[PDB]
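In: How does the following fold in three dimensions:
(5 chains, ligands or ions: 11)
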Amino acid sequence: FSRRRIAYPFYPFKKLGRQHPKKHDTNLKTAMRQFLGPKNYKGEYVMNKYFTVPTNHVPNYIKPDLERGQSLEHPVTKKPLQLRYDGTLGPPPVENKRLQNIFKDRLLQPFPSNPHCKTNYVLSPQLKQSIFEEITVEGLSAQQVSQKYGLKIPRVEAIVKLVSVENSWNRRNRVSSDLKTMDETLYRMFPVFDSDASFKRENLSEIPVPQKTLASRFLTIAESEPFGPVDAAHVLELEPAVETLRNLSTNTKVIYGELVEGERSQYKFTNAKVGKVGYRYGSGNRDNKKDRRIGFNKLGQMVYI
Amino acid sequence: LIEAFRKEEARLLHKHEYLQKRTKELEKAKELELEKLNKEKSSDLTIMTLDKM
Amino acid sequence: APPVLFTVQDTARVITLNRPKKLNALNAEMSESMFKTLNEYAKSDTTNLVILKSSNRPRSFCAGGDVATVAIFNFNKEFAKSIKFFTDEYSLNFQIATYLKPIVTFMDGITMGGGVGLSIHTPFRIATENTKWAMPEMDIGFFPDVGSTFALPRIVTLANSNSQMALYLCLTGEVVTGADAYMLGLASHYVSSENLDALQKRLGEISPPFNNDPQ
Amino acid sequence: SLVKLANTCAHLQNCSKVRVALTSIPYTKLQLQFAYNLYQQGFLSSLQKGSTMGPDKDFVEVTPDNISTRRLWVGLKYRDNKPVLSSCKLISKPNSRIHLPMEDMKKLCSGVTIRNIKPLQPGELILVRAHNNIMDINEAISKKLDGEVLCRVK
RNA sequence: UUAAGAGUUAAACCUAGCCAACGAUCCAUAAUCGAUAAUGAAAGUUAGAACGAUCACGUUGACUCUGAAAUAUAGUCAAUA
Ligand SMILES: [Mg+2]
Ligand SMILES: [Mg+2]
Ligand SMILES: [Mg+2]
Ligand SMILES: [Mg+2]
Ligand SMILES: [Mg+2]
Ligand SMILES: [Mg+2]
Ligand SMILES: [Mg+2]
Ligand SMILES: [Mg+2]
Ligand SMILES: [Mg+2]
Ligand SMILES: [Mg+2]
Ligand SMILES: [Mg+2]
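Out: Numbering: from 1, shown residues only, chains lettered A, B, ... in the order given. Ligands and ions are numbered 1, 2, ... in the order given. This is the structure:
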C-alpha cells in the first residue's frame, strides 16, 4: 500500500488554525518558519542552532530526533528555546535529557538516518608540515611516516603534494585574506586528527577484496591438519594476503626521428609485433550505442574513442 | 631479406630449445609436487584406514 | 594386521590393542603410533574423548610390556633399542596422564605391566568381572616401570596412608581381580563386560552441552 | 558398472531413511573403492567383507566357489537425530557419462556449473574415477588428473 | 579432353548396383557468416541494416574468343523494353 505523503515534519509543530481568506499559507511553510525562527532585517536567522558555524572543532550536525525538532537557541547564551502559546520564544518548561549525554560517535555523524557516514579528521598545519619535512627533507619512506602518524600512504602523498602547492602559493603571496579566513573557519569546524589516539588513527592493514575470494569455498580435510593463510592462498590461486599489503605499501625499442629546420613535428616509432599491433578489422561499432566510449585529450577535450 | 630469413631460422631453433627446456622443467616441478604430497603428514594418523582389507 | 587399530564412534576415538596371540604386549611401534595419534587427537576439535580397549576382549587388555625383546636387545648389547622402547612407553604414559580430554580405559581382562600404565593414569578406568590386575615386575628382576610408584601411593583407597598398600601390591605382585580392583581404587568404575558395548556407544554420543569445550 | 553404483546409492539412501545401523552392498572392486572412500571421508562407521548372511568375523578368502555369496557390509552413521549420509546420487549416469578435464574439475570445485552439474557444496563429497581408481575430486585436482565425475554424497 | 583426379563432359564395353523412417526423392522458403548487433544469469535465441569475411549477380538465357584465371557488366545469337 502506498499513497502520496506530503513530507510533514515527524515532530509536533503548531499547525494553521482559521486563516484570513488572503493568507494563502501551507502547514509546511509554517513548520519551516518555526524551524528557522524570526528573520532579521539583515536576512539572518540568529535564533536557529545551525545558522552559525562552530569554532571548537566539534561539528554542529543536525539532531532533529534528540531535540524533538526544537532548533531554536538564544544566540549569545546558547540556551534552548521554545515557542509559547502566545507567539513568543522562551525557555522550555522542562529540560531535555537527550541533548547533554550524546554519544561521542553521534557528534561526528552528519545525517541522523545514516550511522555509517562519519566526517573525517582535519590535519593540523603543524602535522602537515611535519609530514612534508619528513618525506621531503629527511627522506623517510612513506611507509614509516604512515606507521608513525597512523595515516594511509596515499593520504600521506596527497599531503606532501598539497603542502608543496601551499608553499608555492605562499611564496607568491597568492593566499589572500579571504582565503586565510575561509581556511581557518573551515579548520575550526572539524575535529582535529590526533596521532596518538588508537581509535582516531586510520587502519593501516586494508587490502581490496578481489572477486576471486568473495565466493565462499570450503574444504573437508583430516580433523587435525593445520590450514593457515598460506594454504588458503594456494587453494584460491592467489598471493597470500600479507604480500598484498607488502606490495601495496611500496624493454621496448623506440626510434626518435630526424628533425630538420622548418619541420613542425617529430616522429617517434615504437617497436611492435605483427598480430598484436593495429586497428582490427570488423571491430564493434558503439558510436550509435548507449555505451559509446568517451575519453579526454591531453588538453582536456572530450573526444570519441 | 637475408636478415629476415636467418632471424626466422634462429627463432625457430630457439623455440625448439626453449620448449625442450620447458618440458624438462615441468617434468621436474610436477614430480617434486607429487612427491611432496607423499611426505607422511602427522595429521594422516587421524584418517581411518583399513590397509589390510 | 596393524598392532593398534584406530576407529571412530561419532565423537570418540577408539584405540584397540591388536596383538591377540601375545596378549596385547606393548611395543615401541605400538607406543609410538599411540603417542603420535593421541598428539593428533589433542588438536582435533571434532574429538571429545578417547577410548582404550583390546580386540582380545575377554582374556587380556594389555598383558604387560613386551620386555622379552628388551631382554634380547641387551643380550645382543643393542642398548639403544631398549632406550627407545622405554622412551616411547614412558612418554606415552606421560601423555595419557596429562591428557586434557577424557580417556576411558576398558580393563576387560588381564591388566599387567604396561597395561596398568595405560589404564592407571586416566580418571576413567573400568574394571569388569574378567579384570585380572597385577604388577609382576619383582620376579623378572625389574621395577614398577609405568609410573605405578607415582599413581598407587595416591589412588589406592584402603591402608595407603603411607603408601604401604601400594608397596604391598608392588612388591608381592598379587593378582587383584574384578571388583577387588574397583574397591581398592585401582579401577574407578566397575562395569560388566556385556555392557561395555553399550557404554562405548554412549561415550561416542555425549558432547559438551554448548561452547564445545571437551577439556 | 554404473548401474550397480546407482543401485548402491539408492540403497544407501533407503537405509538412511529407516536408520538401519548396518547394511550390505555388492562385492566388487568399484563397490569396495566407493565404500572405502566413504569410510575414509567419515560417511561410514565401518566397512567389512562378508557373506549374504552377515559380515565376516574372521578372514574368509574369496574364491569362485563363494564369489556369488560375497557382500560388503557398511555401517551407517547418525548424529543429533540426523543421518550423516543423507543424499547419495550419481553425476555420470549410465546413459550420460561425464568425463571432465582437470580445469573443468577445478571450475566445478570453485562454484561453476559445468555440463549442468551443480557445483560442489560446503559439506559434499564428489568422487571421480581415474584409471579404475575412485578418489575425491579435490585429490584428483591436486594430482592433476582428468577423470569421470562419478557421484555426489552429502 | 584438362596443368590436374572423378560418370565432369563425350564414346565404348561390362557388373547391378546407389540413396532412403537417424528422412531419401520431391516441394517450398532463404544469400551465408564473425573477435558484428540485440537479448538473457547462462545455455542459447534473434538479426545478417551498419563494420568486416565469403559467395552470387550487374535486364533474361546459352555459347565463344582472349586470358594464368571469364560462360566476363566483353563478343555472338536470341528474348524483353
Ligand atoms: Mg499506487
Ligand atoms: Mg574417367
Ligand atoms: Mg558413356
Ligand atoms: Mg525430406
Ligand atoms: Mg531470394
Ligand atoms: Mg537465418
Ligand atoms: Mg552487411
Ligand atoms: Mg547496404
Ligand atoms: Mg556474370
Ligand atoms: Mg536496372
Ligand atoms: Mg546473366
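
In: Residue 41: neighbour count?
Out: Just so you know, I chose chain A. Using other Cβ atoms under 10 Å in any protein chain shown, residue A:41 has 5 other residues around it. To be clear about C-beta, it is placed using only N, CA and C from the backbone, and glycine gets the same treatment.

In: Actually, chain D is the one I wanted.
Out: 16.

In: Disregarding flanking residues, what is the spatial nearest neighbour of it?
Out: Excluding the flanking residues, the one nearest residue D:41 by Cβ to Cβ, 6 or more residues apart in numbering or on different chains is residue D:125, at 5.3 Å.

In: Return the set of residues that bridge with the one you found.
Out: Beta-bridge partners for residue D:125, by DSSP bridges, are residue D:153.

In: distance of it from residue D:40?
Out: Using Cβ to Cβ, to the nearest Å, residue D:125 is found at 10 Å from residue D:40.

In: Next: residue C:152.
Out: Per Cβ to Cβ, residue C:152 is found 42 Å from residue D:40.

In: Settle it for me: which of the two has more neighbours?
Out: Legend: neighbour count by other Cβ under 10 Å for residue C:152 and residue D:40, higher for residue C:152 (24 against 16).

In: ok, now how distant is the residue of chain A found nearest chain D from residue A:227?
Out: At 4.2 Å from chain D, residue A:218 is the closest residue in chain A, using Cβ to the nearest Cβ. Note on residue A:218: its distance to residue A:227, by Cβ to Cβ, is 11 Å.

In: residue contacts, the residue nearest to residue D:41?
Out: Contact partners of residue D:125, counting by Cβ atoms under 8 Å, 6 or more residues apart in numbering or on different chains, are A:220, D:37-38, D:41, D:43, D:136-137, D:152-154.

In: what does residue C:192 give?
Out: By Cβ under 8 Å, 6+ apart, the contact set of residue C:192 is C:128-129.

In: Quick check: residues of chain A near chain D?
Out: Contacts of chain A with chain D, taken as Cβ under 8 Å from any Cβ of the partner chain, map to A:215-220.

In: host element of residue 104?
Out: You didn't say which chain, so I picked chain A. Using DSSP states H and E, residue A:104 sits within no helix or strand.

In: Chain C, not that one
Out: According to DSSP H and E, residue C:104 maps onto strand C:103-107.

In: Could you list every helix and strand in contact with that strand?
Out: Under the contact criterion of 3 or more Cβ pairs under 8 Å, 6 or more residues apart in numbering or on different chains; DSSP states H and E, strand C:103-107 touches strand C:49-54, strand C:60-63, helix C:114-120, strand C:124-127.

In: What strands line up against it, and which way round?
Out: Going by DSSP bridges, the partners of strand C:103-107 are strand C:49-54 (parallel), strand C:124-127 (parallel).

In: Is it possible to get CSV of the helices and strands packed on strand C:103-107 that adds mean neighbour count and distance to RNA strand E?
Out: As requested, the helices and strands packed on strand C:103-107 are arranged in CSV below (neighbours: other Cβ atoms under 10 Å in any protein chain shown; distance: least, Cβ to the nearest atom of the strand, whole Å):
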stretch, mean neighbour count, distance to RNA strand E
strand C:49-54, 24, 48
strand C:60-63, 28, 61
helix C:114-120, 28, 59
strand C:124-127, 25, 56
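
In: Just put the ones you listed in JSON lines and tack on distance to residue A:289.
Out: Output for the helices and strands packed on strand C:103-107, formatted as JSON lines (distance: least, Cβ to Cβ, whole Å):
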{"stretch": "strand C:49-54", "distance to residue A:289": "68"}
{"stretch": "strand C:60-63", "distance to residue A:289": "82"}
{"stretch": "helix C:114-120", "distance to residue A:289": "79"}
{"stretch": "strand C:124-127", "distance to residue A:289": "77"}
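
In: show me the contacts for the residue of chain A closest to chain D.
Out: So residue A:218 contacts D:122-123 (Cβ under 8 Å, 6+ apart).

In: same thing with residue B:50?
Out: D:36, D:39, D:47.

In: From these, which land in helices?
Out: Using DSSP state H, the subset of the contacts of residue B:50 located in helices is D:36, D:39.

In: Going by distance to residue C:214, which of the contacts of residue B:50 wins?
Out: residue D:39 (24.0 Å; Cβ to Cβ).

In: Give the burial count for residue B:8, as a bare number.
Out: Applying other Cβ under 10 Å, we find 10 residues neighbouring residue B:8.

In: Distance of it relative to chain D?
Out: Using Cβ to the nearest Cβ, to the nearest Å, residue B:8 is found at 33 Å from chain D.

In: Likewise for residue C:38?
Out: Look at residue C:38 and chain D: by Cβ to the nearest Cβ, they are 19 Å apart.
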